[PDB]
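Below sits a lone chain in structure tokens, taken as the form deposited in one PDB entry.
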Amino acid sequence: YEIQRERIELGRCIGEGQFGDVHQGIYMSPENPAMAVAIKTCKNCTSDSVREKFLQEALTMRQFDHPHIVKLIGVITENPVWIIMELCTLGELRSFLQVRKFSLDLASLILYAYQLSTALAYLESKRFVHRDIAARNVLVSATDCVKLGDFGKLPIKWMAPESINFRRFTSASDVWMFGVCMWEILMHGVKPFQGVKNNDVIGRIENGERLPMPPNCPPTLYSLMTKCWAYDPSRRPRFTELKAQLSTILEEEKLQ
């Protein structure tokens, strides 16, 4: 997985990353003389603590092989440290949804939720807990293909109650977060709890308040969201059920 720096042509910045800017570029490889790639950079990689955290994402990514999880291409582990990844040419999901709010039909939004559930069911099958499921961590590879894109203060507005209260992350907590991610998609990439301080979030959850049904959201789908937000983690569905239900909802929507 170590790539020679001279084989990478760094191009335009395409986005911001948790550790630094993400660029597109070209990998001049023996396999392929001009492969389009994403290049993740890391400001302050000269610090061993930071670099270790950054490069851990690549190690994590390497373990996964799924149509809806972005692939690792390689790494450059001398300063400046880069992670070379598959390029998802349509960018971040939130931006994509806001820009295309009035081009994208309901069936597309539902397809994206389904595709993400297939990735999360795969992670669940490997007993991997993601801990940060949210629309900001999803990339768009084509108008009919999204990928889970990021496995790197606290995202309180996405977190399950038990996660906020007791810093507890489990497969059940991921499902709560997926519920919120589904809400985001159906809202065309609006953030949950806008205009609310991170500190008042838990108060409302405990009070039994949930994010409201998005406009034009099918009742079947909102009800699935609501199941994801059962306060008791043990009553939340698993991704196998979410995937199967999303598949049926997607089909019904296509029959419209």
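Only the largest set of C-alpha atoms that superpose within 1.5 Å between the two forms is called the rigid core. All residue numbers are counted from 1 along the displayed sequence.
Absent from the display: the form deposited in another entry. The rest refers to it.
Among the residues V50, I202, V190, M213, the single one whose Cα moves by at least 2 Å between this form and the one not shown, once the core is superposed, is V50.
When the rigid core is held fixed, the Cα atom of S223 travels less than 2 angstroms between this form and the one not shown. Core-aligned CA deviation for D232 between this form and the one not shown: less than 2 Å. Relative to the superposed core, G25 shifts its CA atom by less than 2 Å between this form and the one not shown. The pair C145 and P33 is at least 3 angstroms closer at the CA level in the other form than in the present model.
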